[PDB]
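# Per-entry structural report
Here is what each chain is made of, one letter per residue.
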Amino acid sequence: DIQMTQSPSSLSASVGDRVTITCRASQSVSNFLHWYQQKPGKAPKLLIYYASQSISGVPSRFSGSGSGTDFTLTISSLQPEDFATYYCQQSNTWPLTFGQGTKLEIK
Amino acid sequence: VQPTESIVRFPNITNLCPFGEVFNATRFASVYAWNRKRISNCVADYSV
Amino acid sequence: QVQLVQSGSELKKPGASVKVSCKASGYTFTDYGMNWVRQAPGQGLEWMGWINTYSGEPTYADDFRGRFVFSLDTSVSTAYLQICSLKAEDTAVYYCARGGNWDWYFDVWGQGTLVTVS
Amino acid sequence: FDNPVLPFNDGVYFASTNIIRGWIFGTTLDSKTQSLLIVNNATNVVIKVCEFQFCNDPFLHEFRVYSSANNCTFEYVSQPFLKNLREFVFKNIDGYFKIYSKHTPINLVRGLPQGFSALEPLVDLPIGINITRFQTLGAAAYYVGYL
Ligand SMILES: *[C@@H]1O[C@H](CO)[C@@H](O[C@@H]2O[C@H](CO)[C@@H](O[C@@H]3O[C@H](CO)[C@@H](O)[C@H](O)[C@@H]3O)[C@H](O)[C@H]2NC(C)=O)[C@H](O)[C@H]1NC(C)=O
Ligand SMILES: *[C@@H]1O[C@H](CO)[C@@H](O)[C@H](O)[C@H]1NC(C)=O
């Protein structure tokens, strides 16, 4: 029931730059919006849990921030070998819905 | 003199009341820090 | 070493009843629950419900209230799901997930049950 | 001029003789307690109950006093209304922050007139935040009472 949208759908970036992708909420997910990514043919892995904290054991090239209905993470140092589809996930209201995905691409 | 017909006037309010964010919630709060959410300005369904 | 091994790629009729497996090892199996998500290849992850480790009550999601059935066989660390009366719109993978009752983030781990139907 | 911080008690009466632009309400501030802030600027008044950090002297001069806007709970936008004295009444009962206002002209600057003016309510603010200290925002003069 909670419509989780994210923009832009397909945005490109280059080597070593800084990019910002968002995730816009219809209802209140005030702190509980988690961040995943998905490589093609790969089971996913956590990036940012509870919208600010980072899990131990991830490469910390990125950090997540935001509150209310606007949430983001910023890749401070991008690398070409990711090609990952970034996924949103709220942990506030049942059912746990996901986002469509922001595919990162090279020029 | 008796009334002829009954009239009921409620506002439009183009939204359902969000009880889904207080009933179907994954993280219910604790009793020292009980979460209080005011719900208003909508049409509610208590039949569900 | 904590891992969740799965069954193979299934291929059945639209109407058969197949039971997929999720065998656990490494951790305390009664502590964290056994969440399940679904992912169409043109869509994202969709949560379908879970089941508690001690009682065995299969509490599904708000959409998939019907033909999905969680089956529990304790003291062998299994998290069996079974789909019955399969439909042609269910061309999706079925990922198993160790997921706790309080933290409610996944760390979902499944190699991919390619349930292809035709 | 300047504007020091004042205790709120049970409710206050505010009166002034467009130098003032709004008020800041709270208990402890400095982003540890959620604070109610009103700024009347650019003919659309904005009310934020964002958990703001305060400066050593908050003042307007874009906007600088309402910066570091984080983890906001409530937001409200409406239209304001314009020798002339503007009276305000701020109260907090049952979780309701009620604002009463009436602008009437005058012909004196020594003190408040002996006339009568009934202040109509303009907007009610349903938050329910514990408020005990407040601070308001070519010098001007203003009068602060207590209810
Ligand atoms: C909180 O979640 C519950 C559980 O899903 C929602 O209650 C209603 O539950 C029934 C079954 O328990 C479901 O009704 C569905 O209706 C559609 C159309 O009639 C039908 O095609 C389905 O097969 C199913 O029977 C559904 O989950 C839900 N009903 C709705 C959303 O209309 C409940 O609405 C949620 N919110 C609150 C505030 O309780
Ligand atoms: C409220 O609803 C009625 C029909 O139920 C409609 O005729 C009326 O125009 C609505 N009022 C509005 C949109 O102000």
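The record names cryo-EM as the way this model was obtained, at a resolution of 3.7 Å.

Helix and strand counts for chain A come out as zero helices and 10 strands. N-terminal to C-terminal, the α/β element order of chain A is β-β-β-β-β-β-β-β-β-β. Taken over C-alpha atoms, the radius of gyration comes to 13 Å for chain A, in line with the 13 Å a tight globule of 107 residues would show. Here the C-alpha coordinates of chain A stretch approximately 35 × 30 × 25 Å along the principal axes. Buried positions account for 50% of the 107 residues belonging to chain A. Here the analysis covers contacts within chain A between residues at least 6 apart in sequence; of these, 55% occur between residues at least 24 apart. Here chain A has roughly 5200 Å² of accessible surface; of this, 50% comes from carbon and sulfur atoms.

A separate point is the interface of chain A and chain B. With eight residues of chain A at the contact, the number on the chain B side is six residues. Both sides of the chain A and chain B interface together cover about 620 Å² of buried area, and 54% of this is carbon and sulfur. Contact with chain B buries area across many residues of chain A, yet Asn92, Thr93 and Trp94 of chain A alone supply 60% of it, more than any other trio. For the interface between chain A and chain B, the tally reads four residue pairs in polar contact. In terms of residue class, the side of chain A that touches chain B is built from four nonpolar, four polar and no charged.

Taken together, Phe19, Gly20 and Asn24 of chain B together with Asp62 and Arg65 of chain C are the residues near ligand 1. Each of chains B and C places residues next to ligand 1. Within the side chain of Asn24 of chain B, one N or O atom sits 2.4 Å away from an oxygen atom of ligand 1. Between an oxygen atom of ligand 1 and a main-chain N or O atom of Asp62 of chain C, the distance comes to 3.0 Å. Notes on ligand 1: free accessible area 730 Å², of which the protein chains cover 32%. Looking at the shell around ligand 1, its residues break down into one nonpolar, two polar and two charged.

It is worth spelling out the pairing of strand β4 (residues 36-39) of chain D at this point. All names here are of chain D. Alternating positions in β4 separate into two faces, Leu36 and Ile38 on one and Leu37 and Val39 on the other, with burial throughout. Here strand β3 (residues 22-26) runs beside β4; their pairing, made up of four bridges, is antiparallel. Looking at the pairing, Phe25 lines up with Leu36 of β4. Bridge analysis of β4 against strand β5 (residues 45-48) gives three bridges, and the strand direction is antiparallel. If you follow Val39 over to β5, its bridge partner there is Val46. What sits between the antiparallel neighbours β4 and β5 is a turn of five residues, in which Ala42 has the positive phi angle 60°.

Counting from both sides, the interface comprises 17 residues of chain A and, opposite them, 17 residues of chain C. At the boundary of chain A with chain C, total buried surface from both sides reaches about 1500 Å², with 63% on carbon and sulfur atoms. When the area that chain A buries against chain C is broken down by residue, the three leading residues are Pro44, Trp94 and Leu96 of chain A, summing to 29%. At the surface where chain A touches chain C, the tally comes to zero salt bridges.

A separate point is the pairing of strand β2 (residues 11-16) of chain D. Residue and element names in this part refer to chain D. Among the six residues of β2, six are classified as buried, and the element is accordingly described as predominantly covered. Here β2 shows no split at all, with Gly11, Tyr13 and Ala15 on one side and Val12, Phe14 and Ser16 on the other all buried. Alignment of β2 against strand β7 (residues 84-93), held across six bridges, turns out to be antiparallel. When the sheet's bridge partners are listed, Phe14 is paired in β7 with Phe88. Relative to strand β11 (residues 142-146), β2 runs antiparallel, the two being bridged by five bridges. Residue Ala15 lies in a different strand from β11, and its bridge partner there is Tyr143.

Residues and elements named next belong to chain A. Counted according to the given criterion, the structure contains four disulfides over all chains. Paired by a disulfide, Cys23 and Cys88 hold their sulfur atoms 2.0 Å apart. Linking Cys23 in strand β3 (residues 19-25) with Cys88 in strand β9 (residues 85-90), this pair joins segments that are 65 residues apart in sequence. The exposure class of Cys23 is buried, given its relative accessible area of 1%. For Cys88, a relative accessible area of 0% corresponds to the buried category.

Our focus in this paragraph is unusual backbone geometry. The linkage connecting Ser7 of chain A with the following residue, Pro8 of chain A, adopts the cis geometry, with an omega of -10°. With respect to the helices, strands and loops of the structure, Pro8 of chain A is situated in the loop between β1 (4-5) and β2 (10-12). Here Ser85 of chain C, not a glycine, exhibits a phi torsion of approximately 55°, which is positive. Looking at where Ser85 of chain C falls in the secondary structure, it is placed in the loop between β9 (81-83) and β10 (92-96). For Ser85 of chain C, a relative accessible area of 40% translates into the label partly exposed. With a phi close to 60°, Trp104 of chain C is a non-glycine residue in the positive phi region. Secondary-structure assignment places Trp104 of chain C in the loop between β10 and β11 (114-117).

Attention now moves to a nonpolar patch on the surface. Residues and elements named next belong to chain A. Together, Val15, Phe83 and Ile106 give the surface a local cluster of nonpolar side chains, amounting to about 290 Å² of exposed area. Looking at the element boundaries, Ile106 is found in the segment after β10 (102-105). Assessed through its relative accessible area of 44%, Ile106 is described here as partly exposed.

The rules behind each value
Residues numbered from 1 in each chain as written, not as in the entry; some residues may be left out. Chains lettered and ligands numbered in written order. Part of a larger assembly, values for the part shown. Heavy atoms only, no water. Residues with missing side-chain atoms left out of burial classes, pairs and counts. Helix = DSSP H or I, 4+ residues; strand = E, 2+ residues; numbered from the N terminus. Rg over C-alpha atoms; globule rule 2.2 N^0.38 Å. Buried < 20%, exposed > 50% of the residue type's maximum accessible area, 1.4 Å probe, protein only. Contact = heavy atoms within 4.5 Å. Areas by Shrake-Rupley, 256 points an atom, 1.4 Å probe, with all protein chains shown as cover. Buried area = accessible area lost by both parts, 1.4 Å probe. Polar contact = N/O pair within 3.5 Å; in protein donor to acceptor, adjacent residues only side chain to side chain. Nonpolar A, V, L, I, M, F, W, Y, C, P; charged D, E, K, R; others polar. Near = heavy atom within 4 Å. Pairing = 2+ DSSP bridges. Salt bridge = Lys/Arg side-chain N within 4 Å of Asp/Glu carboxyl O. Disulfide = S-S within 2.5 Å. Patch = residues over 30% accessible without salt bridge, like charges linked within 9 Å, V, L, I, M, F, W, Y side chains within 5 Å.

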